[PDB]
Each structure stands twice: as C-alpha cells, then as structure tokens.
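Alright, two takes on the same chain below, each alone as structure tokens: structure 1 and structure 2.
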Structure 1
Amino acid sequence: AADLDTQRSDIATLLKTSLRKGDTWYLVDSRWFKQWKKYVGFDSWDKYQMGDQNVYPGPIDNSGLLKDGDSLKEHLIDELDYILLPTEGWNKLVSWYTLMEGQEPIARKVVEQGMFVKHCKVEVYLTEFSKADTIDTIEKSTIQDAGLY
C-alpha cells in the first residue's frame, strides 16, 4: 500500500517503457484507470480530487473488458476502452489495490509488426495463431507477410 506521489511517479515512468518483442503487457479498463488518475493526482492540470474516497477506484475491475458469457471482447480500442500497462506496472497496480475476485489478468505479448516499416505493438487480438508465427510453424514467412483475414 504505497503513498500517492510514488504511485503517480512509478506508473508514469513505467508507461514510458519501450515495446521490446516477447515482453508481456497487461490491459487496464479506462473506467478504472481514469479514476485511479484522479485519486493519485496523476495529471498536473486536473489534480484536486487527489486522495479523496469519492474517487478511490478499489481493486482492478476489467468487467467491461471481459465477455458476459464467462481474455475476451472484440472491437475494443486502445486509449478509448483500455490502457496497456507493462508487467511491472500491472504487478504494482495489483500490489496496491488487489485483483477483483473471479478475474484473470488480460495479458498480451509484444511482437514485431508491419509489412513495410517494421515496428512493435502489443498484439491485443489474434488470427484464426499469432501474426508473427510462420505458416511452416503453424502446420507443425510470417502470417502477416503471407496474409489471412
């Protein structure tokens, strides 16, 4: 149960973490994180609700991210519906507020992407196998290099 100023500082710095292939990041619902931001006084300009129980978010509740019928929900958008936080930030977030009962973290893995300009992004969705796995790797170039909707 760390102090407010250290949560803001540890998380802020951790969000700047580079996207290196094979690393494991976790999603966080915008509903919960936008409130965590208010409580820790995360944004210098909107910093008055800091330390108030009117905005204490409680344990991480990615209920709007999981599907009603028992790592789900298609068409979810990054920045609008969720925030990808790295393994250390997710551990810290879990360490301070706890993970809501009957919930598993929405864990995803960073991969090399792009057929023209190679770049890294956390693969939120998959094809039906990963975009970077090969056709030769799939039966036993990459799936993206080949092409399959």
Structure 2
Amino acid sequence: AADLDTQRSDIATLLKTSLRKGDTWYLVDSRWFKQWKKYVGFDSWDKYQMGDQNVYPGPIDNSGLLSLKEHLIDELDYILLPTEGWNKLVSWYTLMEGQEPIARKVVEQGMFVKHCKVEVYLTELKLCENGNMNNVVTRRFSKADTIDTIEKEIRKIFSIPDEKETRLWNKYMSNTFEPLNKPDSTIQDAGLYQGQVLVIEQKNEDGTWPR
C-alpha cells in the first residue's frame, strides 16, 4: 500500500481522466469509496479520521451494487475510475473474495450530436417477430450499435435463414409502427431507449410484405 497522501493524490488525479471512446472504466461502490476518502483525508476539513482503523475500507466491496440494481446514479451510488485507478485500489486493498470487477466501456452518447460517456447500462430492447408478437425476447445493446447490427442479431436470435429478407420496425409511443430504414443510424440516432419494442418482418414467399 502506498502512503495515504499518495493514494489521495493519485486517485484525485485519476478521477479526472479524460473520456476516450473505447477505454475501460470501473465502478466502485460509493459506500466503500466514502470510507476510503475518510481514511486518506480526501476532501476532509479536520482530517479527524485520516489513518484511523475505524475507517479502514477493507477489501474493495461492490456487493451493494448488485448485474446492477436499477436507478444507480454516478457520484451518488457509485464512482468511476479508469483502468489505472482501479488497478491501484486493487493492489492497495485487494478485491473482496468472490467478487469480480465491474467493467464498462466509454461510448459516444446522444442523438446524432454526441460526446463520450461510460456506458454503465446497456440499452435493453424488447424484440419480437411480426407473426408472433407475444413471443418477446429481451437483449441489451450498446448505444454504439447501428440498426444494421441490431437487425443481424435479431435474425440470429430468431434463427432467420440468410435467404429470407427482413425489415425492422419500432413501436413509437408504444403505438404506431415506424420504419427503421436507416441502417447506419445508431440506436440512439434512431431514438430507441430502454424497453423499446422492435418488430422484425419477413418478406413472404410470393414477394409481398406482411404489413
């Protein structure tokens, strides 16, 4: 373990690391992190518990975040560190026995107009075939995925011969069918969000479309 001032300084810096598309960052439970902050005198006016065993964080413990509970909020329920920051905390404190790191990637976020952000939650789309809407299959996709990518995957999920031709629709406002006819739009470009229903359609043998 590096000394307390080194830990404070290194983590302070690493917290402010620039977001670059493709990088891996790690979640750290705010409960553990708040104890670490006290132990190392981070943002602390009287340093009263700095170096005090009563606030020694112990092995990194993300149990309280768990597959993630919903409505977790950055800088309230968890904090994020780049690879180097996570590695340092592991070497100083170890990771709690029987846990795995919670790693997430930086992706471009927004509709058309975008900037980087760690994708803590992938977008869950509800998927179904036009013939059989009650058979809904759920899957999580990144905001980076294009409509083209989504469609290829939905074909696999439903075992759709590479011969049969398909069209993708989304249910706008849970109501009207709207075409997903721009294959190179990303899912957020197309305005798709958590829980959105997507319906895949197959061209008939006779060359006509079911819809």
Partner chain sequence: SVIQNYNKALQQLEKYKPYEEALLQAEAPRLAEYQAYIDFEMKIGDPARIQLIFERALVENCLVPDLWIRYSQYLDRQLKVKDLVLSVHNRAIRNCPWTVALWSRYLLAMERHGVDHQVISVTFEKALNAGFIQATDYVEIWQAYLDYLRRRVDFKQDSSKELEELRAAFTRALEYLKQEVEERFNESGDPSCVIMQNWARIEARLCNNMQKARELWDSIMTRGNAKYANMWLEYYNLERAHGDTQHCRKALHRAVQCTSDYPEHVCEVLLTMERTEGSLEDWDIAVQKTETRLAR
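What we label the rigid core is the largest C-alpha set whose atoms superpose within 1.5 Å from one form to the other. By convention here, residues take numbers in order along the sequence of structure 1, the first being 1.
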{"item": "Displayed copy of the chain that is the form solved without the partner chain", "value": "2"}
{"item": "Following rigid core superposition, Cα shift of residue 13 between structures 1 and 2 in Å", "value": "0.6"}
{"item": "Angstrom displacement of the CA atom of residue 46 between structures 1 and 2, core fixed", "value": "4.8"}
{"item": "Angstrom shift of the Cα atom of residue 77 between structures 1 and 2 (superposition on rigid core)", "value": "1.0"}
